[PDB]
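In what follows, a single structure is set out as structure tokens and then discussed.
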Amino acid sequence: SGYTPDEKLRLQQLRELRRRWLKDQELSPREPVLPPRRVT
Amino acid sequence: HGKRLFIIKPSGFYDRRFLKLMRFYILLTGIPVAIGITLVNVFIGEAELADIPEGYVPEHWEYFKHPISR
């Protein structure tokens with residue numbers, strides 16, 4: 001039972017890539033650059 | 001809390017653009033039509049029915065009530 005060593009390694013690399021990708025989804029303080037213009 | 005994430009969604013720009021264009025165009029001819037109808041109704045609206053005078057034969061368009069129909 002348990003992962004094979006290759007399974008362990010692939011899971012580790014995949015999970016590190018996934019965490020990096022997910023961390024890249026966060027928004028910077030200026031990220032929503034809104035263009036302003038109006039006309040009891 | 002600074003935990004704002006990116007919401008992946010399809011491009012809604014074209015849908016809003018089409019809706020804006022269609023509304024603009026319908027409104028462009030639509031508003032004038034409504035204003036003209038209101039003015040006609042208020043100022044010149046509704047010809048009242050009356051008995052036909054003897055010796056007078058009316059025109060084909062004088063048998064209708066609403067001025068726009070006439």
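Chain lettering (A, B, ...) mirrors the order of the structure tokens, residue numbering begins at 1 for each chain separately, and ligand numbering begins at 1 in order of display.
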Hey, what's within 12 Å of residue B:8 if we count only C-alpha atoms and toss same-chain stuff fewer than 4 positions away? As a PyMOL selection string, please?
(chain A and resi 25-26) or (chain B and resi 12)
Within 12 Å of chain B, which residues of chain A show up when using only C-alpha atoms, listed as a list in words?
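For chain A, the answer reads residues 21, 22, 23, 24, 25, 26, 27, 28, 29, 30, 31 and 32 of chain A.
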Write a file of the selected residues as an mmCIF file, in the first residue's frame, keeping N, CA and C atoms.
```cif
data_model
loop_
_atom_site.group_PDB
_atom_site.id
_atom_site.type_symbol
_atom_site.label_atom_id
_atom_site.label_comp_id
_atom_site.auth_asym_id
_atom_site.auth_seq_id
_atom_site.Cartn_x
_atom_site.Cartn_y
_atom_site.Cartn_z
ATOM 1 N N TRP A 21 0.453 28.135 -9.228
ATOM 2 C CA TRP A 21 -0.597 28.630 -10.116
ATOM 3 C C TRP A 21 -1.722 29.285 -9.330
ATOM 4 N N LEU A 22 -2.158 28.646 -8.245
ATOM 5 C CA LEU A 22 -3.234 29.197 -7.432
ATOM 6 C C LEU A 22 -2.817 30.503 -6.771
ATOM 7 N N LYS A 23 -1.571 30.579 -6.297
ATOM 8 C CA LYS A 23 -1.071 31.819 -5.716
ATOM 9 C C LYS A 23 -1.000 32.922 -6.763
ATOM 10 N N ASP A 24 -0.798 32.551 -8.027
ATOM 11 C CA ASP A 24 -0.769 33.554 -9.083
ATOM 12 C C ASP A 24 -2.146 34.142 -9.375
ATOM 13 N N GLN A 25 -3.214 33.546 -8.845
ATOM 14 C CA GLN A 25 -4.560 34.045 -9.097
ATOM 15 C C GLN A 25 -4.916 35.258 -8.248
ATOM 16 N N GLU A 26 -4.130 35.571 -7.221
ATOM 17 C CA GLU A 26 -4.445 36.688 -6.349
ATOM 18 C C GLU A 26 -4.304 38.013 -7.092
ATOM 19 N N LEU A 27 -5.003 39.019 -6.581
ATOM 20 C CA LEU A 27 -5.096 40.326 -7.210
ATOM 21 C C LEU A 27 -4.209 41.324 -6.481
ATOM 22 N N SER A 28 -3.430 42.075 -7.249
ATOM 23 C CA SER A 28 -2.595 43.134 -6.714
ATOM 24 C C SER A 28 -3.462 44.302 -6.250
ATOM 25 N N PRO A 29 -2.911 45.212 -5.436
ATOM 26 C CA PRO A 29 -3.733 46.336 -4.954
ATOM 27 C C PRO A 29 -4.311 47.191 -6.066
ATOM 28 N N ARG A 30 -3.655 47.260 -7.221
ATOM 29 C CA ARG A 30 -4.136 48.061 -8.337
ATOM 30 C C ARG A 30 -4.834 47.227 -9.400
ATOM 31 N N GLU A 31 -5.008 45.925 -9.164
ATOM 32 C CA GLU A 31 -5.437 45.021 -10.232
ATOM 33 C C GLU A 31 -6.753 45.430 -10.878
ATOM 34 N N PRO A 32 -7.826 45.754 -10.141
ATOM 35 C CA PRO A 32 -9.034 46.225 -10.858
ATOM 36 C C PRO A 32 -8.886 47.664 -11.345
#
```
For stretch 24-39 of chain B, list every protein, DNA or RNA residue within 10 Å, evaluated using only C-alpha atoms, and leave out those in the same chain fewer than 6 positions away; present the list as number ranges by chain.
B: 18, 45, 68
Just write the chosen residues, C-alpha atoms, as a PDB file, in the first residue's frame.
```pdb
ATOM      1  CA  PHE B  18     -24.943  44.221 -28.598  1.00  0.00           C
ATOM      2  CA  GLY B  45     -56.400  63.995 -30.384  1.00  0.00           C
ATOM      3  CA  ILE B  68     -53.219  59.047 -37.064  1.00  0.00           C
TER       4      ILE B  68
END
```
One-decimal distance in Å that lies between atom CA of residue B:70 and atom CA of residue B:57
16.4 Å
Could you pull out all residues of chain B with a DSSP call of alpha helix (DSSP H) and give them as a VMD selection string?
chain B and resid 13 to 39
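Taking atom CA of residue A:17 and atom CA of residue B:1 as the two end points, the separation is 25.3 Å.
Straight-line separation from atom CA of residue B:23 to atom CA of residue B:69: 27.7 Å.
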Could you list, as a list in words, every residue within 12 Å of residue B:65, counting only C-alpha atoms and ignoring same-chain residues fewer than 4 positions away?
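So the residues in contact are residues 41, 44, 45, 46, 47, 48, 49, 50, 61, 69 and 70 of chain B.
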